[PDB]
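Some notes on the structure that comes next.
Each answer follows from the model by the rule given with it, or from the source it names; no laboratory read-out is quoted. Ideal geometry is used to build each Cβ from the backbone, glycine not excepted, and the neighbour counts take in all protein chains shown.
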Amino acid sequence: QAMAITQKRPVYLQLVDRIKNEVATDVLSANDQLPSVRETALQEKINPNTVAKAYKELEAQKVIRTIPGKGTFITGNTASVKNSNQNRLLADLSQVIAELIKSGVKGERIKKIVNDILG
Amino acid sequence: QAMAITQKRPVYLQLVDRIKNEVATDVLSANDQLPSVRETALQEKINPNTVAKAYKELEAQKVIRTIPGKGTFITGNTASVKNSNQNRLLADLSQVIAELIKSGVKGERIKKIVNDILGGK
Ligand SMILES: [Ca+2]
């Protein structure tokens with residue numbers, strides 16, 4: 001019954017998040033060359049092992065791919081990355097609204113508020 | 001220009017957060033007596049010192065009051081706390097909608113989505 005403590009998000013997952021969001025927001029486009037593990041480690045001040053762990057994760061999620069001799073590239077399957085991103089965001093939307101109606105805010109007023117926020 | 005790295009939220013502030021939400025949601029009510037630092041440390045399995053930092057901060061935010069020789073108590077001003085908690089969630093709400101619009105989702109769609117999410121029993 002003791003409270004759950006949230007830990008640091010691992011640094012390698014923070015970098016996955018960053019690259020993924022950059023793809024979703026078109027800072028990084030489909031088939032763009034991504035820097036090397038070295039260049040990323042050097043630019044972000046992150047241990048190369050952590051960057052390599054990031055890049056492995058990103059590849060598993062199909063956000064990036066490697067071409068032998070040519071380096072690491074943003075996937076061509078970039079619409080799929082954007083949709084998964086929106087889903088992360090929609091999950092968050094769902095959760096804030098739930099916590100709002102739980103805080104005593106009625107739905108009809110959440111509708112009004114949202115309409116104001118969007119106007 | 002290195003990316004910002006987000007650290008662990010200090011445990012004392014996670015406990016500050018936990019208690020304000022209980023207040024916000026009427027789990028703890030106005031003027032309810034709070035356990036001692038030692039009893040909270042045993043409930044939440046935290047260092048007593050950490051719980052002491054949490055209590056000290058909850059008090060700075062006027063969420064709880066330590067009245068000498070008697071105890072530590074939830075504020076009488078809980079409607080204030082409920083209102084700021086809502087504001088926090090409302091800030092989170094425009095943040096997520098902002099970010100959905102920037103991930104290319106049209107606002108008219110977000111509007112429909114919110115209705116769908118809200119249509120649930
Ligand atoms: Ca290199």
Restricting to the range A:29-77, give me the number of residues that are part of a helix (DSSP H, G or I) and surrounded by fewer than 18 Cβ atoms within 10 Å (Cβ to Cβ). 10
Against the definition (within 16 Å of the ligand (Cβ to nearest atom), small (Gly, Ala, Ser) and within 14 Å of chain B (Cβ to nearest Cβ)), how does A:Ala98 come out, yes or no? no
Of the residues in the range A:55-92, those that are touching a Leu at 6+ places or on another chain (Cβ under 6 Å), in contact (Cβ under 8 Å) with a residue 24 or more places away in the chain and among the aliphatic types (A, V, I, L, M) number 2
Under the condition of being more than 10 Å from the ligand (Cβ to nearest atom) and of a type in the set (D, E, K, R), which residue from the range A:24-41 is nearest to the chain's Cα centre (by Cα)? A:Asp26
Can you tell me which of B:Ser29, B:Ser36 is touching a residue at least 40 places away in the same chain (Cβ under 8 Å) and either under 30 Å from A:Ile19 (Cβ atoms) or not assigned by CATH to the domain that holds B:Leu89 (or both)? B:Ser29
Mind listing whichever residues of the range A:1-28 are more than 9 Å from every other protein chain (Cβ to nearest Cβ), surrounded by 14 or more Cβ atoms within 10 Å (Cβ to Cβ) and β-branched (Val, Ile, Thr)? A:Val16, A:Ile19, A:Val23
Within the range A:86-100, track down each residue that is buried (at least 16 other Cβ atoms within 10 Å of the Cβ) and more than 13 Å from B:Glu99 (Cβ to Cβ). A:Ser94, A:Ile97, A:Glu99, A:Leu100
Leading residue by the ranking (farthest from the ligand (Cβ to nearest atom)) among those in the range A:42-77 that are of a type in the set (A, V, I, L, M, F, W, C) and within 14 Å of A:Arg18 (Cβ to Cβ): A:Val63
Identify, by number, the condition in (1) facing chain B (nearest Cβ under 7 Å); (2) surrounded by 17 or more Cβ atoms within 10 Å (Cβ to Cβ) that A:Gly107 doesn't meet. (2)
